[PDB]
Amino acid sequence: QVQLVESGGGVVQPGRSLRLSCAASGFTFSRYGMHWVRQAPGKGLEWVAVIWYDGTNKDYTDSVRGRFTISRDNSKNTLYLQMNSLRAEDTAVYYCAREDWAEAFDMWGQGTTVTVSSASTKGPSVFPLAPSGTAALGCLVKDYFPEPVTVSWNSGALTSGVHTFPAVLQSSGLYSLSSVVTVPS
């Protein structure tokens, strides 16, 4: 499979670190320049760093200079991003991308999620949203950290009419989301 596969994302406190890896398969990794690109929640794409096929000509977006280091191991077909002194604004999905001869990003990984937050791990409380010719009911999944939670209905046999909403980040630093389904009264 011609593929890039990121790993090493996670959840750390501000000032801590994370090491991202990108495993390349299906092509001659040693011939390609490679990049990191990131996308903060609900935001657009931002270029992060570049490294040439031979490890030279490294460069970084200004906000990560002196904190992130890009490197590669051609014998392991792997690209790395060492992310030190993390800041809240580094929270994002991180993608590795292959640079082609046209200097376009012709292949992207699935991305790995990074959350930088002072919060500590907390399971949610789950509360019912009880019904009052169509009825609506659901569940309120409140006060958890970090993302994600998954929500299913009737162990998966109920899918039609389900809406599982994007989580909101509360001022407490904890997340909350709701899942609802409409059914016949």
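Start at 1 with the first residue shown and count on from there.
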Between neighbours residue 133 and residue 132, residues that the deposited sequence lists but the model omits: 4 to 9
Mean Cα B-factor comparison, 119 to 127 or 41 to 49, giving the higher one as deposited: 119 to 127
Residue stretch of maximal mean CA temperature factor, 161 to 169 vs 18 to 26: 161 to 169
Most elevated Cα B-factor in the entry, residues 150, 56, 61, 69: 150
Where the record places residue 77 (Cα B-factor, split into thirds across the chain): middle
Among modelled residues of the same chain, the CA temperature factor third for residue 34: lowest
